[PDB]
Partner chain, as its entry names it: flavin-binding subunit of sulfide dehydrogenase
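Just one chain is shown here, as structure tokens, and it is the form solved without the partner chain.
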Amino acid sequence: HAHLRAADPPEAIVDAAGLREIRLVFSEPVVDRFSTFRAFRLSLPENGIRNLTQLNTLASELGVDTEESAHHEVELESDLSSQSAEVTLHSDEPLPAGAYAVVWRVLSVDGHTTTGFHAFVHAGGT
């Protein structure tokens, strides 16, 4: 099973003006053909959120079967062509400021499928 080991940006509030890519590192290599990744700019509730636990709750319902027209999907392209523990997902332009979730379903080289998510807050501009 491939679990997330590390991610940049991390699960934090970051500035990072000009951020345009997210890097994920898994605990084992994942297989390109059966691994998919999506990202969403999360809608915050009126009057905001106070901690990362609350951020995770927003992100925790998203998945690779999320309906794009029901959310604010960010189109990204992966660098995953073979099998790799590291995955880079890029946008064509800087990511706008916002709270974000990356969600995935990955097939490990060991043959097992896992899902997960990673969330962060981009409090810098373009």
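Shifts are known only where both forms have a C-alpha. Just so we're on the same page, rigid core means the largest C-alpha set that superposes within 1.5 Å between forms. Numbering follows the first chain given and starts at 1.
Not on display, but discussed next: the form solved in complex with the partner chain.
By the criterion of a heavy atom within 4.5 Å, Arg50 is counted among the residues contacting the partner chain in the deposited complex.
By the criterion of a heavy atom within 4.5 Å, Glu61 is counted among the residues contacting the partner chain in the deposited complex. Taking the partner from elsewhere, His71 is found to have a heavy atom lying within 4.5 Å of the partner chain in the deposited complex.
Taking the partner from elsewhere, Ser82 is found to have every heavy atom lying beyond 4.5 Å of the partner chain in the deposited complex.
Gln54 is the sole member of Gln54, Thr66, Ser78, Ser91 with a non-hydrogen atom within 4.5 Å of the partner chain in the deposited complex. Superposed on the core, the two forms differ at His71: its CA moves 2 Å or more between this form and the one not shown. Annotation for the pair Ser43/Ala70: C-alpha atoms approach each other in the deposited complex, by 3 Å or more compared with this form. In the deposited complex, the Cα-Cα separation between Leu89 and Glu68 grows by 3 Å or more relative to the displayed conformation. Comparing the conformations between this form and the one not shown, with the rigid core held fixed, yields only the displaced run 68 to 71, spanning 3+ consecutive residues whose C-alpha shift is 2 Å or more.
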